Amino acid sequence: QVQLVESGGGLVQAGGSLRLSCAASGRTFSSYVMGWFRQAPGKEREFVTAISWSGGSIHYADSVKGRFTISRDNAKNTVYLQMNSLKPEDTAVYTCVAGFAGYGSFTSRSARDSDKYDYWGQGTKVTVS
């Protein structure tokens, strides 16, 4: 029943920066691992990043490491994706995810697994020119 709504998408020039936000409904945000997946035209869906319940553990895809940063604000029920040094290959629909409400570990492998996330956002379009 948790609903996710992304915002901040749009057109950005190569080398530029853009911050995406994802607001979760309800009062259980803190019980979830939060993350981002992306979908480019004619490409397989790719895992971008995810952040543990406490924020103490983060996993990044190799292609975004050192360029993208994830953070969470439990007080605002919001997860953020700060994109820096944007490349044309980052053009995609970005979808916010929430999962891991039950018991289980947050490994690189489980973070990347789309089946580990019960809640998926609306997607927000990011176009890098």
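Residue positions are given as counts along the sequence shown, with the first one as 1.
Per the PDB record, of the two stretches 47 to 55 and 87 to 95, 87 to 95 carries the greater mean B-factor over its C-alpha atoms. Stretches 31 to 39 and 58 to 66 differ in mean C-alpha B factor, with the higher average recorded for 58 to 66. When all modelled residues of the chain are sorted by CA temperature factor, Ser110 is found within the lowest third. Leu81 sits in the middle third of its chain by CA B factor, as recorded in the PDB entry.
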